[PDB]
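This document starts with two versions of one protein chain, written out as structure tokens and named structure 1 and structure 2.
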Structure 1
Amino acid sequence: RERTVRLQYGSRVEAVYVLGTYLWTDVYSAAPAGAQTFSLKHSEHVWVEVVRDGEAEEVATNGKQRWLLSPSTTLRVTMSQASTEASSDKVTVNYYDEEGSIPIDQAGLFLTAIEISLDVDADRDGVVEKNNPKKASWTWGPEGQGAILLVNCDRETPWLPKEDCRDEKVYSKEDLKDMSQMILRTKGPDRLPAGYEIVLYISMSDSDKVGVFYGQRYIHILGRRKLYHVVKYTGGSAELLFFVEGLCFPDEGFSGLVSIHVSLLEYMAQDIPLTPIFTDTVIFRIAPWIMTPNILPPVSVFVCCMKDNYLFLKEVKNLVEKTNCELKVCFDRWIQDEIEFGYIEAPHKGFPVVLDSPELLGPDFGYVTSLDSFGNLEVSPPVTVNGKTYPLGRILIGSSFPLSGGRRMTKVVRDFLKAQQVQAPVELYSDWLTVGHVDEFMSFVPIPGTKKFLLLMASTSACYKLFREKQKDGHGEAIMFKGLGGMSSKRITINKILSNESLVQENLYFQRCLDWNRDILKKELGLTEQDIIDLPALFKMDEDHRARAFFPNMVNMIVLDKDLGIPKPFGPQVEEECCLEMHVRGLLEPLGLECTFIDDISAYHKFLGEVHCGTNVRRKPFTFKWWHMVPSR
């Protein structure tokens, strides 16, 4: 950075010189009228060149060479080390008239060199390097650089009703581990020369996105209602350590990028602005919320149910015991239908984070008309789609209107997840279902011993085929819902189901809804028919023309690596086994998937299309780092 510093007619000019800049210096303007030539002297730590018409010549400390005064003959002044208390950094210019060789006048430039650098961890290795050249930009990918900030959305103090970033306070030293370090490194004399100060500042727009903290306590200096802070200079070689927290995830109208600036200001006069003679900038990107697909290793299984749902608890406990997961119980289905589990990550730092569509908030566990909802989401395993790799998978958003226009719509979740960028979301149509959730009709499971995964789809046509076979085999009087005494009076048999013509038509329409979704999934996830297994399902149309489950949706399962917790369907009994259970085992068991049917409904004596329990699984994060992605521009 070349900076203009002119000498002043017959006078001395004092200036601070910031390392990594250099000066071009007018000597012509300060020359007395009549002067024809100049000479110069300079101290040892100042490099001076005479520059005529772009041609530079280095000049000695203590010569007596003279040059013609000309508008286009200037000086270039460079320093590489900071001034100390013992420094006499100066350039002095003598001016001569035609006749004599004694100087008629002198003009001086007295310099104090300082180093000033606002440093962040732009190379993403967890330590704050010195003046990364790329610290003022943010680039994606393995060769990308740019510092990363977490949203401080967990809670260090159960005293507080809110998450940590909701205030302008830091109570615990532990909190600083969620924050990113930013260091203002300076080198120079004991004091700044008279008339200078150093300020740190942010934009008003960024003031609800960041907080900056500096006895030995925690002072809030920038953020909500604080855009400008005067810094106290320490002389010699000094480091001022700041902690930065993110307050806000990327969203519609917020890219995730925030900036912090330092400037060295020069006082001119009262009533006149200070002159910003040097500025340095750092950029942070706020880490996105990332959802965890079913192929990632399970750590904890969270379950909600009523206290006397004993079979459910027993069978879930049992399922989880076949794994190394822990079970957490809360005493209908909010843990699944209100809430999604994901995580955030920065270099050597990260924690699980819950998104709520209006608890678990503590240390290292954070919290956060629409046609979509945070409780109506699924996420694929990593996929490659027509050459493009999606290493964190893609999110599926269940929507009442997954099209691009034709009506007024608010899609708050689509907007939020699109802003996260890294799981490039895809909308699906879920509002043909009474309950309205994508997890009632699709799931993903690993193929054990691979590598690969399957999409599981609910299928009415698979159910009809199965029931028609059983009827043909002589089992038409097989009874459904055995052991649900509240259903017994309906005496629902295969024959009764298959005779109901209206039900056939309803389920043909629902199969159209499933297949429309299937086609989007195959295109947007890069799947073939070889990647899909259809599980038998059956619905009844409600008065709003939506699909109510006729029996429990088996696709809405708990996936714990090779172990599957599948809702018990209470299907027609053939040879004293559920034909639906036997059918599903026949589909999944050959792949090495282990099926456990979990009875969530017996405690209620009947099934009316709703289940009254929920589950969610906290999983280990991807090993792939989000910042190594290159998202679409």
Structure 2
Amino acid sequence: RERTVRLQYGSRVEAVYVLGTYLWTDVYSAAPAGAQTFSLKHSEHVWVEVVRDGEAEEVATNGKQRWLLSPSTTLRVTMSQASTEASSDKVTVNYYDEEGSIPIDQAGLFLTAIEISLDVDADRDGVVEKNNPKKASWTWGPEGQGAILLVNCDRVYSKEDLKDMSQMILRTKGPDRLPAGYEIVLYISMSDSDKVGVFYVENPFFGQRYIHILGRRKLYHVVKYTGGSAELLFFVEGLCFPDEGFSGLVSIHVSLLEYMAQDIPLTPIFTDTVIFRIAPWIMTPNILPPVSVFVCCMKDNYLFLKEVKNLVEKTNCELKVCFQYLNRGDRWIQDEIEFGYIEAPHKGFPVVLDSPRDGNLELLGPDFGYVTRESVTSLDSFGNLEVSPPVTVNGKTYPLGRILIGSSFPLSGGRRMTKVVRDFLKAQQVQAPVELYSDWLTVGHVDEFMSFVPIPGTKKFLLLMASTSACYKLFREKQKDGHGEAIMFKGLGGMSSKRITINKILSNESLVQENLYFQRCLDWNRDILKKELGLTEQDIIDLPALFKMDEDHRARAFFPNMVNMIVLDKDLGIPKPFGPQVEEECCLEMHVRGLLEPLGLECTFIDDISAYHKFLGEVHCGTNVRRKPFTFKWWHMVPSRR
């Protein structure tokens, strides 16, 4: 980078030279009137070229060479090493008139060269490299560069308290002191001041006590200069995730400022900039390895707890049991909590989004970052948020999968998840969200009709879809087989008086029509999923489901929805359906086993309803599985622009 420094007519100029730049120097203006030629001398560590109308010739330290004074004849001044106390770095220009060979005047330039670099890990290996040429940009992809910041999700300090922030190092080299009238200042924009924070030890002689030097209300910080070869260590934190008005990119600047006079702004003679991108919140699909299983239920639902514990004992996962709270729904671990993660090259951890029904008054432990929402419909629940396995769709890869959100049709006037949450998910960009149609369901959650499972022993997966058509087919077969009187809800005492059998279901004409309609709703979703996930019919299994319609023409489960299941690799916790009993086995359980088991999936049916004696379409338990993050690094993705 070329920088202008003029000799001053008659008077010596003193300047700081920053390594990585060079100077162009006008010698003509400082020339006395009537002067004709000029010569120059310079010190050992200053390189000087005379540049005549574009042609540059290197000049000796002490020559006698003379050049004609011209506005188009200038100097180029370069230094490759920082000054020390032993340095006298200078360039002296002598001027001559036409007559004599003795100088009639002289103009000098006294230089102090310093190295100044604001450094970050822009090559994303976890180590802060020296002056990465690309540190002022941020690019996506395997070949991409620029530094990554984590949001601080836990919320004078100590170095340990800052352990998980990003490092930024100001590296300098130079003599004992900056020349008079200079200072170094770290700063950020007003706009970025609510996106970041920066910590520094201001007075290291008195301890290491990190203080917050940049952030809300603090836009600049003067940093003390240390001579010799020195490094100042800063820790940097993101304050928020990308969102509707925020791309996720922030900038930090350091400038060498020159004091001009009182009341005059200081001049930024050198500025160095680093860019950070704040890491997005990422959701984990069912195909990722389970770590912990979280469940919530009432204390006395014993079968549920026993059966869930038994399932988990089949795996290497740990079980975490939570009960009900005053401010939360009965499903809250599923509906109010979503497990996701963030990752930076140096580190990462799990981050839970929390959206309490009644608001906060609780935690899954210290391992997790926690993010809590600052009217709402049931579509706002995280039961209405799913994420697919990695897919490729028409040649475009989605290595982190795609987020799925239930909605209504555009012209319907129906329910929709709040824009705030939709915009948040879209802004994360790496999961490229898709809206499905959940609004035909009373509760309105995508997890009521669909789920994903891995196919054991492969890298592949299946979409599982609720199907009313599959149920009616099955019930019609059993009836033809002479099982029409087979009763459902066996062992639920509060259903007994209804005496619901296969015959009674099949003869209900309005229920048939309602369920044909619900199948159309399911099929509309099937088509969007196949399109947006790149799936064919061989990727899909239908599980029997049945719904009753409410006054809004919306569906609620007739019997528990088996699609909403605990997926731990090969082992599946499946809600126990309480279907018609044939030869003393539930025909729904047997049908589902016949679909899944041949694929190597192991089915365990979990009874969450017996404790309540009946099923009205509501489930009083919830589960959520914490998973290992993707092996693919999010920063290696190349998302579409805008």
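All residue numbers here follow the sequence of structure 1, with the first residue given the number 1. Just so we're on the same page, rigid core means the largest C-alpha set that superposes within 1.5 Å between forms.
- Among the candidates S489, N386, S72, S404, the CA atom that moves 2 angstroms or more between the two structures after core superposition belongs to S404 alone.
- Shown in the overlay between the two structures, fitted on the rigid core, is a CA shift at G375 of 2 Å or greater.
- Core-superposed comparison between the two structures: the C-alpha position of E506 differs by less than 2 Å.
- The Cα position of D439 differs by less than 2 Å between the two structures after fitting on the rigid core.
- Its Cα shifted by 2.3 Å, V413 is compared between the two structures on a rigid core fit.
- Superposed on the core, the two forms differ at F254, whose C-alpha moves 0.6 Å between the two structures.
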